There are 2 protein chains.
Amino acid sequence: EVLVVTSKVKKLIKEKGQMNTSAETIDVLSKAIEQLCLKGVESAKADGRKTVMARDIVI
Amino acid sequence: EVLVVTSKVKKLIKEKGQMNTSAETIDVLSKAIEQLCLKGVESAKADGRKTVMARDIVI
DNA sequence: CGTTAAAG
DNA sequence: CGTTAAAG
């Protein structure tokens, strides 16, 4: 379910912008990781590989 | 440094694609979270808010 | 040691 | 910020 380290995302946002982070922001970041991983699976399989690589995460 | 839950990203990729996940893939996912959070800070500040919200993470 | 509760 | 879970 939760694919981001909430404490570290909040520490980064507080330190860089002096701002809080909503529960829903954490949810969007987790869903974003999920979709990157699933599209990374498609890309590695399309190339016949058994490993998702950095080049499979299109950003 | 590491903003993704590595064990859960690897579990997701293994379960969904029967594939391994490279060290460099985890690094790209962490860098992707970092850039989303920093762009989220810019968006919330531009709107004069003290909270990064779901609508500040443009995907 | 990051997450979840709830003491101060 | 101490307690409760569970990632590393």
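Chain letters run A, B, ... following the sequence lines, proteins first and then strands; every chain starts at 1. Hydrogens, waters and symmetry mates are skipped; everything else that's a heavy atom, side chains included, is used.
Nearest heavy-atom pair, A:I57 versus A:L36, reported as atom, atom and distance to 0.1 Å: CD1-O, 3.7 Å.
Linking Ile, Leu, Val, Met, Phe, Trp and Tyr whenever their side-chain heavy atoms come within less than 4.5 Å leaves B:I26 and A:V58 in two separate clusters.
A 4.5 Å side-chain heavy-atom check between B:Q18 and A:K45 finds at least one atom pair inside the cut-off. Between A:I59 and B:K31 the shortest side-chain heavy-atom distance does not fall below 4.5 Å.
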A:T51 and B:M19: CA distance, side-chain angles, deciding distance, side-chain contact (heavy atoms from CB on, under 4.5 Å) verdict
CA-CA 5 Å; A:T51 303; B:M19 278 173 319; 5.9 Å; no
Please list, for nucleotides 1-6 of chain D, all pairs of protein and nucleotide N/O atoms separated by less than 3.5 Å.
none

Can you give the dot-bracket line for DNA chain C, where a pair is Watson-Crick or G-U wobble with both atom distances under 3.5 Å, crossing pairs use [ ], and | marks a partner on another strand?
........
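Atom NZ of B:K11 sits about 11.0 Å away from atom CG of A:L3, to the nearest 0.5 Å.
Of the possible polar contacts, none joining the A:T21 side chain to the B:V52 backbone as a donor-acceptor pair under 3.5 Å is found.
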